[PDB]
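In what follows, every heavy atom counts, from backbone to side chain, and hydrogens, waters and symmetry copies are set aside. So that the names make sense, note that chain A is the first sequence line, chain B the second, and so on, each numbered from 1.
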Amino acid sequence: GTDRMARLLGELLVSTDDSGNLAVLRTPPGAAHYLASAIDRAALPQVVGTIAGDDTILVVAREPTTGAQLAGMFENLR
Amino acid sequence: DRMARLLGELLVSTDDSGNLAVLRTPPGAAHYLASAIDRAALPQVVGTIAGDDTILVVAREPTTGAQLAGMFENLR
Amino acid sequence: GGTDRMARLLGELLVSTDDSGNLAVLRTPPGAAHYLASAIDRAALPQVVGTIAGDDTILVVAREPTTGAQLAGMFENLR
Amino acid sequence: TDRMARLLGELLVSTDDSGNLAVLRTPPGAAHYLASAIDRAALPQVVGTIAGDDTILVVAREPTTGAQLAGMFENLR
Amino acid sequence: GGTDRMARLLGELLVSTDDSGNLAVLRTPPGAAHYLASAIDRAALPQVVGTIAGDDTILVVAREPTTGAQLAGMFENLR
Amino acid sequence: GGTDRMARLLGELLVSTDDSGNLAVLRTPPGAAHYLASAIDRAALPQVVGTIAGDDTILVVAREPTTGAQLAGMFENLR
Ligand SMILES: NC(=[NH2+])NCCC[C@H](N)C(=O)O
Ligand SMILES: NC(=[NH2+])NCCC[C@H](N)C(=O)O
Ligand SMILES: NC(=[NH2+])NCCC[C@H](N)C(=O)O
Ligand SMILES: NC(=[NH2+])NCCC[C@H](N)C(=O)O
Ligand SMILES: NC(=[NH2+])NCCC[C@H](N)C(=O)O
Ligand SMILES: NC(=[NH2+])NCCC[C@H](N)C(=O)O
Ligand SMILES: NC(=[NH2+])NCCC[C@H](N)C(=O)O
Ligand SMILES: NC(=[NH2+])NCCC[C@H](N)C(=O)O
Ligand SMILES: NC(=[NH2+])NCCC[C@H](N)C(=O)O
């Protein structure tokens with residue numbers, strides 16, 4: 001769960017950012033679904049869910065955790 | 001096929017954060033359920049985006065994500 | 001010239017705009033959301049944190065203090 | 001799989017074929033959901049599937065043809 | 001106006017064509033494949049069984065007796 | 001280069017291979033098809049006309065006279 005997420009964050013996370021309740025994660029083209037799957041499988045209590053595009057993932061924070069808090073957690077896992 | 005029928009077939013779970021309802025579906029079903037939501041033309045829904053097993057439904061102010069998630073849950 | 005390409009694709013592909021909070025919601029013809037989102041990404045707007053494309057909808061996340069309504073208005077006019 | 005049979009009943013709009021391919025049509029957005037049930041049925045004469053938005057390509061395992069697969073999907077429906 | 005819209009979008013979006021067996025393989029800019037494939041579907045060509053779009057590639061399935069090469073040639077002429 | 005990067009990702013992402021006629025069918029973990037297909041495309045193999053990625057399956061289209069079977073043997077060898 002968390003170990004596979006941690007590994008893929010190091011492999012696939014290009015950058016992180018945030019706005020309100022959202023963490024925005026950027027990946028190489030095509031990698032968003034694969035990294036998002038790993039986040040989903042980790043089932044973090046402070047993550048409501050994720051949605052992946054092609055190179056971008058929106059991670060929705062569970063109140064009171066903020067998007068900036070999740071972005072910094074992800075960032076420091078790279 | 002109508003949202004009101006497909007919610008019972010395709011909704012795994014509902015949750016919320018701020019102005020977003022977060023719906024989960026079985027793998028691969030998100031676009032199909034989200035299409036039904038879009039077609040429902042709900043006054044309180046600004047729009048939806050589907051991934052593979054997750055839909056984000058955007059609430060129209062002042063409706064909250066929790067209010068929307070409650071409705072989706074209740075109509076399952 | 002990311003902005004010029006985005007401008008012209010908005011003209012071709014942007015059906016409507018709407019918003020809520022920190023989100024602009026852009027509608028496009030079926031299947032076009034990824035192509036328009038790519039152009040928005042490439043313009044690299046300071047007021048945009050990122051985009052997710054679905055099939056006929058793009059969610060554009062606004063960079064604070066810009067609101068969704070403010071982003072939506074900008075897209076609506078570049079159209 | 002009877003789970004695949006029910007979703008074909010529900011979501012299969014039409015079938016067609018060319019060569020080693022069966023081409024399945026679904027309502028908009030439904031292709032991945034139906035293809036998932038096909039994959040899970042693990043049919044011996046199916047090598048694999050790819051889903052688009054409203055179309056699935058189903059690859060026939062030699063010597064089975066696309067036509068034979070399309071006929072099989074028509075039947076189950 | 002399906003065939004006419006399809007021709008216009010091929011001019012805009014078709015980067016290259018190629019073939020193998022019963023398939024025409026169409027290449028587009030990143031993200032554009034679903035939108036072009038939609039235009040092809042809606043044209044309802046008698047020599048096309050169906051399309052599947054990825055991100056930057058479309059597979060167009062030729063209806064017998066038309067080969068993938070004869071289909072790709074048709075698209076190439078509209079590039 | 002692109003072939004080296006592709007080979008490394010095959011080791012990580014290729015669950016199985018199979019073939020039919022001109023097609024090689026590669027299976028990946030869920031969600032990984034687009035990323036492995038991107039690496040294959042970037043490698044620009046002369047044997048490969050093109051790829052389409054689904055969610056866990058990639059269809060790799062062989063450039064004639066290479067067959068699907070030969071393509072799959074190739075990917076298997078690089079894993
Ligand atoms: N090759 C592409 N599809 N590019 C556009 C990606 C648009 C958006 N950032 C997403 O991940 O959904
Ligand atoms: N099989 C997969 N694609 N899994 C990843 C899904 C990631 C995210 N929950 C979404 O639905 O977009
Ligand atoms: N043909 C479809 N996939 N329709 C559903 C679209 C659902 C949602 N508005 C999105 O763009 O992701
Ligand atoms: N713009 C898109 N992602 N279109 C394809 C729809 C998603 C997926 N292939 C499905 O049938 O559910
Ligand atoms: N709304 C759309 N994406 N339509 C285009 C679908 C293109 C192609 N038939 C596929 O299913 O992949
Ligand atoms: N990894 C992804 N699902 N990327 C987005 C695919 C783009 C979409 N199939 C289109 O051509 O418009
Ligand atoms: N950004 C990406 N998803 N790139 C990979 C594209 C893979 C394959 N050519 C397709 O269109 O499905
Ligand atoms: N319903 C969807 N759009 N699913 C996207 C699947 C993930 C992506 N196409 C991949 O190659 O792994
Ligand atoms: N979660 C899913 N989308 N599962 C269905 C995958 C269907 C098909 N094998 C594809 O990769 O396109």
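Neither the backbone nor the side chain of F:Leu36 has a heavy atom closer than 4.5 Å to any heavy atom of chain A.
By the 4.0 Å N-to-carboxylate-O rule, A:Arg7 lies close enough to F:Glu12 to be salt-bridged with it.
Between A:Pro29 and F:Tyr35, the shortest heavy-atom distance links the atoms O-CD1, 3.8 Å.
Sparse packing is recorded around CZ of F:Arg42, with 12 or fewer heavy atoms of other residues, nucleotides or ligands lying under 6.0 Å away.
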